[PDB]
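Engineer: one piece of my complex first, more on the way:
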Amino acid sequence: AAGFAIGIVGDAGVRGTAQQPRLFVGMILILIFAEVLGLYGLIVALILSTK
Amino acid sequence: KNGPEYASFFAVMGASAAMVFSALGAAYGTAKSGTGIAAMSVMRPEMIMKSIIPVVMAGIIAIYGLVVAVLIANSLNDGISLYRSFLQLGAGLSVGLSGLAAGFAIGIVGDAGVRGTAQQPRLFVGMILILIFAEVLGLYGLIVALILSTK
Amino acid sequence: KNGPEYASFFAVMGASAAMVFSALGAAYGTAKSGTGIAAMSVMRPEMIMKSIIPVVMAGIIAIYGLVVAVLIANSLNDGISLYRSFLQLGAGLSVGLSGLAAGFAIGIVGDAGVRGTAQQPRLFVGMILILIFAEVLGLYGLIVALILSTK
Amino acid sequence: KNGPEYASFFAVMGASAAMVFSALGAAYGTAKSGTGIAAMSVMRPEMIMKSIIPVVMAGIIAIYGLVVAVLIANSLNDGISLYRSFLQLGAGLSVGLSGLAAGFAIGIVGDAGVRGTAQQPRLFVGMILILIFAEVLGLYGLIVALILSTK
Amino acid sequence: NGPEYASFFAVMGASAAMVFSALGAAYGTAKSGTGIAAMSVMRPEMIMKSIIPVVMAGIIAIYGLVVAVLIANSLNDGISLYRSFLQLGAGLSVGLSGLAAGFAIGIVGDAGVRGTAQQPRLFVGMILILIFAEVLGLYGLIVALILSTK
Amino acid sequence: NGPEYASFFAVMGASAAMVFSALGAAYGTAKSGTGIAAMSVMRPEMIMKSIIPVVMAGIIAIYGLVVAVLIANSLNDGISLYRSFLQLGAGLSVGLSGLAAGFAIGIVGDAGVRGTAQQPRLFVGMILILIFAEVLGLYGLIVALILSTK
Amino acid sequence: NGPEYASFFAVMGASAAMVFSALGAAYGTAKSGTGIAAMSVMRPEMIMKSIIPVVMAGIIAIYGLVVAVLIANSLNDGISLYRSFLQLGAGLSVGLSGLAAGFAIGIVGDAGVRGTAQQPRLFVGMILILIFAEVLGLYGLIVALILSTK
Amino acid sequence: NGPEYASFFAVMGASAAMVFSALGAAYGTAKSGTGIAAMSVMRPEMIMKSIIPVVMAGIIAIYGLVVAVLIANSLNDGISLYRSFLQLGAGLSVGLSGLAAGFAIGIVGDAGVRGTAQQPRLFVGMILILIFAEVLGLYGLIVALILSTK
């Protein structure tokens, strides 16, 4: 689910970045929210494996 | 007193489904609204920090599935009863697949809501009102997952 | 008098399916009508507080499913009978899936209504009447769930 | 005298299917015809109250499934025999799939009706006569389910 | 006599003789009768003549009717299992071939009447093909009667 | 004798012999019969000469009927299990290969009559490829007979 | 001796050697038979030259017929389980690879015949690709034999 | 020895190695055979030069042939269950990987011969790509040979 969100907004983000570079600071900011979904995947997996 | 050997499978499967199905909701909420930000930023590059409110209200849906995963995984032990174990499975579906619904609804109104904002900035005060009723669906699914897992 | 070990599964699934399927209807009523607000906003931005009547009445379908979710979860005990747990399962399906249908009907007429309301504002006294007929469909699923789960 | 403990599953499932399948059809009649109200009202806005006749005829389909769902839920009891519980499951499918059927019939005819009534007012008495023959099919779902549940 | 569950396969053979023949008579009349109202607007002369594909498809319906009468009267409470399996395949043999005859009729019955509206020389050839579609319904009947009456 | 449910396979061998050969003969009638009407409008001369594929679809129908009435004559209460499987493979092989021959006739039978209206040279070449689409059904028959005698 | 259900698998080897080979033979004849029509409307001289794709699809049919009479003649009441499973894999090998080989013939048959219509130099090249397409059916046959010997 | 049912997995190793490898070699011939007939209209010089993907896909068929006879020669009545699983795992490893190599040869064999007509400098590079698309089946050999011998 994390790579699905990074793949979509990473696609349309680098299209608009070449057409306007003001998007580049905003494109990363959505990409962080797309990536920490996998970071919530860790703290359920790590909290389950050590039991 | 004690439960059978196959009992802890359902409580574990409630823990994963609370995290998977909320993340697929948090995926569609971020991805579908993310293209509308890239479509807005070609013509109206000013509303680029104001317009990330769909992608941050889609982020709450992931944290909705996160806390019930830690709620379920901290109650786990061998010999958990089948009455206790089904409650975690009923918890995780009621927060994940309901958060998947709130994840689907946020990304749809987030995408279209920032398309019309490039042609009408008065919509921005009204679009956030729509996103509240989209995001409150995850809040309802959260509190039923807590009232099922606290038992 | 005591029930078997697996008998609590259905009333758990009753509280789950009452919240999942009603949210997916409440998601679609927000999502399909939320694109209708976006196309309306670029032409007639005076009807924005007027046009959020479909998106609030979609949210009633979720709180229809919410109040039966906690009502089923209040009656959960260990070792319930099959007859007592099936009664909450059929109560859950009759409010979630009927709420899913009533969530579908609000989202379509919400999309079609507010787009025609921009081109002609005379529709708003008629559009809001079809949504009431669509909302009361959700209310029909409520009073069958209450007459099932409480007894 | 006492039957199996899982015997009450079917009459409960007959009670839910009387309300799920009736609400799915009645949501189609309000959405498919309610979309046609929006396309009609832009050109001919006078006959807006005149055209909630197919919408209110779809509303009778919803209470067609509600009454039988009340009669089954009042007839539920712990330890009902397999003859008694299955009589209400056959009662539920008789009213449910009929209301799901006649929900489609009012939907498509009421959609095509109010699109044609706006361009010729003579078709109104003709449109309302077809909707009588469509809505009476839901009445055939009652008096077999009312016979089955009373038996 | 036979076992208690033995009558189930005879009952399912009795219904399947009727429903699958009804499906063939459905598409045989609906797909072709669409072409009949299609033909009548540009040439209203052959409207009473070209209703032969919708009446041959009606014979598909009575093909499944007689074997349903043959089987359901031969039923009894607790028949032998060998007699009931024959009535199951008796229903399927006339049913699915009557289902097959309906797809044969409705395609060539629609195709023939469109050429009839363009050139009526086809009408002698079109009715000949509908005979060859009708033996498909006829072949299912004679296998059903030779199976159920054993 | 054998088991009670042994005769169920030989009944299904009788049904699948007919309903698959009927489904093959239907498509060979339908897909070619659509091509008859498209040819007859422009070239109405070759209309009884063009019905060579539709009768060659009809021979697939009688190919199943030979096997079907052969099995119904051999059916009897208490047949052994080895006898009943042989009639199941008989009806399956003459059925589905007849369905293959019915599919192969309809595609090139339609393509032949669409071309013979445009050129009379293909009418000798059309009947060549239809024979190769017919011997597939004949190959199913000769293995159905060798499987039902034993 | 062997079990009662063992003869079912060997019969299934006899049918699947036929109907799977027949489906490839039907598809190869039909897909390449459509290209004969489009070729003939401009180059009617290469009509008899263009029968070589559809006869090589006919080799796939008799490849199935050869194996089918081998499995049917080795059938007997009370064959061993090792005997029957050899015959089931013998039927799947000639049939399904023949289904593949019949698929490869019809694609290059449709492409090559349309290709040799515009330019007759392809005829020595089209027959070369068809040989490699045909021989896949032979590779199924030679492993169908050596499984059926034991 | 082992159980009576053990031969079925070793048969399925023998058959699926010959089905799936010939299923891929058929697609590699058919998809590239379309590419041969497409370039032959403009560029008739490269017909003998361009049948390299067809003969490279022909090795995929004989890749499944060599492992089939090697498995069938190891077939005895009542082999051990450990030995029969090794032949099923070997047959799946060569057939489906050959089905993968049949796919990869077919795509670039189609697209590459579209480009070698317009620019003949691709001819060194196009076959250079096909070596990597052919050795995938060759890796399927040395795992199937090491598994069937154990």
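Structural biologist: Noted; the coordinates are in hand. Numbers count the residues shown, from 1 in each chain, chains lettered A, B, ... in the order given.
Engineer: can you get me a residue count around the closest residue to chain B within chain A?
Structural biologist: Here the residue of chain A nearest chain B is residue A:9; by Cβ to the nearest Cβ that distance is 3.3 Å. From N, CA and C alone the C-beta is placed, and that goes for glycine too. Neighbourhood size, residue A:9 [other Cβ atoms under 10 Å in any protein chain shown]: 24.
Engineer: next up, the contacts around it.
Structural biologist: A:27, A:30, A:31, A:34, B:30, B:31, B:34, B:35, B:37, B:38 (Cβ atoms under 8 Å, 6 or more residues apart in numbering or on different chains).
Engineer: cool, residue A:20 as well?
Structural biologist: Remark: with contacts taken as Cβ under 8 Å, 6+ apart, residue A:20 is in contact with B:41, B:42, B:45.
Engineer: with only the CA atoms kept, save stretch A:6-13 in CSV.
Structural biologist: Taking Å, rounded to 0.1, in the frame of the first residue of the first chain, the C-alpha atoms of stretch A:6-13 are listed here in CSV:
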residue,chain,number,x,y,z
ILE,A,6,4.6,6.6,-3.8
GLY,A,7,4.2,5.3,-7.3
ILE,A,8,1.1,7.4,-8.2
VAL,A,9,2.1,10.7,-6.7
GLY,A,10,5.7,10.1,-7.7
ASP,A,11,4.4,9.8,-11.3
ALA,A,12,2.3,12.9,-11.4
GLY,A,13,4.6,14.8,-9.2
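Engineer: give the buried residues for it.
Structural biologist: Along stretch A:6-13, these residues count as buried under the neighbour rule (16 or more other Cβ atoms under 10 Å in any protein chain shown): A:6, A:8, A:9, A:10, A:12, A:13.
Engineer: include chain I too:
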Amino acid sequence: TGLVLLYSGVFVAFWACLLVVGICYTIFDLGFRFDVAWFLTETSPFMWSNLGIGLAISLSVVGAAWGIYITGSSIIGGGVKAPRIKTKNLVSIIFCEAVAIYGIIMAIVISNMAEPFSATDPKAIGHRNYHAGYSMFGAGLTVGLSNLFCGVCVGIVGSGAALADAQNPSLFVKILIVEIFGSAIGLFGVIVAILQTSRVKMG
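Structural biologist: Placed with the earlier chains, chain I looks like this:
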């Protein structure tokens, strides 16, 4: 197609399980575990009987409501330019509504013959009682599904007759005979349905 891939992705998968589940029951010895006798006997004779009463009326009216909306869109479609169709062509609605009568007449009949008992053993539940169970299922199946097919039959012809009458007034009384043979299949449904429930009695 997106949603068709779901049904065609499950039907291939479910048949692929039931194929390999099928060659693993025979291949060990476990065909005794299959027991189609235990499936038809131990369940109930009421699950078949009460479903047949439900499928009798519900599957008839899902053809009757199917028959209405196909020609009802064609009534009002042609009725815009030619408003005279609304009086003559309502009999096409009636023939696709009289099919629903054939269900409700049958559904009362099948429910009139269902009666309870006390037995719970498939030897105590005699063959007079199990045969009464499946016969309501079979007669309810053939009056429901055949009325579905004749319901869509007269509706499709009814839509064509509504379009043909828009161009010419004299045509509709000639094409009406096609709807009789379509609605005759509904008559052919109920004759089988009473005949399958003639000799039937529960108890």
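Engineer: quick one: name whatever helix or strand follows the longest helix along chain I.
Structural biologist: With DSSP state H applied, the helix covering the greatest number of residues in chain I is identified as helix I:127-167. Per DSSP states H and E, helix I:127-167 leads on to helix I:172-196 as the next helix or strand towards the C-terminus.
Engineer: distance between that following helix and the chain's centre?
Structural biologist: Its chain's C-alpha centre and that of helix I:172-196 lie 14 Å apart, by Cα atoms, centre = their mean, to the nearest Å.
Engineer: which strands and helices sit next to that helix?
Structural biologist: For helix I:172-196, the packing partners by 3 or more Cβ pairs under 8 Å, 6 or more residues apart in numbering or on different chains; DSSP states H and E come out as helix E:7-42, helix E:52-74, helix I:91-95, helix I:98-111, helix I:127-167.
Engineer: buried residues, it. List them.
Structural biologist: Neighbour counts using 16+ other Cβ under 10 Å place I:172, I:174-176, I:178-179, I:181-186, I:188-190, I:192-193, I:195-196 of helix I:172-196 among the buried residues.
Engineer: and for stretch A:15-31?
Structural biologist: Along stretch A:15-31, these residues count as buried under the neighbour rule (16+ other Cβ under 10 Å): A:16, A:17, A:23, A:26, A:27, A:30, A:31.
Engineer: Serialize those to JSON lines and add fields for distance to residue I:165.
Structural biologist: Supplementary listing: the buried residues of stretch A:15-31 in JSON lines, determined by distance: Cβ to Cβ, whole Å:
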{"residue": "A:16", "distance to residue I:165": "57"}
{"residue": "A:17", "distance to residue I:165": "62"}
{"residue": "A:23", "distance to residue I:165": "61"}
{"residue": "A:26", "distance to residue I:165": "62"}
{"residue": "A:27", "distance to residue I:165": "62"}
{"residue": "A:30", "distance to residue I:165": "60"}
{"residue": "A:31", "distance to residue I:165": "63"}
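Engineer: tack on chain J:
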Amino acid sequence: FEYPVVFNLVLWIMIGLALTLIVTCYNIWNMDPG
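Structural biologist: That brings us to chain J, laid onto the chains above:
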């Protein structure tokens, strides 16, 4: 003794959940960025 009851709640649950993965994973795989 609870073998059906396991095949009650393990098979149809894993497939229930298997779908709502795949039908969801399909719905995000080909979206419309246009």
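Engineer: and the neighbour count of residue A:9, now that chain J is in?
Structural biologist: Summarising burial for residue A:9: neighbours were counted as other Cβ under 10 Å, giving 25.
Engineer: hmm, back to that, can you give me the angle the longest helix of chain I makes with helix I:98-111?
Structural biologist: 170 degrees (axes from the mean of the first three to the mean of the last three Cα atoms, to 10 degrees).
Engineer: and the gap between the residue nearest to residue A:11 when sequence neighbours are not counted and residue D:85?
Structural biologist: Once flanking residues are discounted, residue A:11 sits nearest to residue J:33: 6.1 Å by Cβ to Cβ, 6 or more residues apart in numbering or on different chains. Note on residue J:33: its distance to residue D:85, by Cβ to Cβ, to the nearest Å, is 52 Å.
Engineer: enumerate every residue touching residue I:41.
Structural biologist: By Cβ under 8 Å, 6+ apart, the contact set of residue I:41 is E:4, E:5, I:122, I:125, I:130.
Engineer: list the residues that contact the last one.
Structural biologist: With Cβ under 8 Å, 6+ apart as the criterion, the residues that contact residue I:130 are E:4, E:5, E:7, E:8, I:40, I:41, I:45, I:122.
Engineer: give me that answer again for 6 Å
Structural biologist: For residue I:130, the contacting residues are E:4, I:45, by Cβ atoms under 6 Å, 6 or more residues apart in numbering or on different chains.
Engineer: separation between it and chain H?
Structural biologist: The span separating residue I:130 from chain H equals 36 Å under the rule Cβ to the nearest Cβ, to the nearest Å.
Engineer: so residue I:163 versus residue D:117, what's the distance?
Structural biologist: Counting by Cβ to Cβ, the gap from residue I:163 to residue D:117 is 19 Å.
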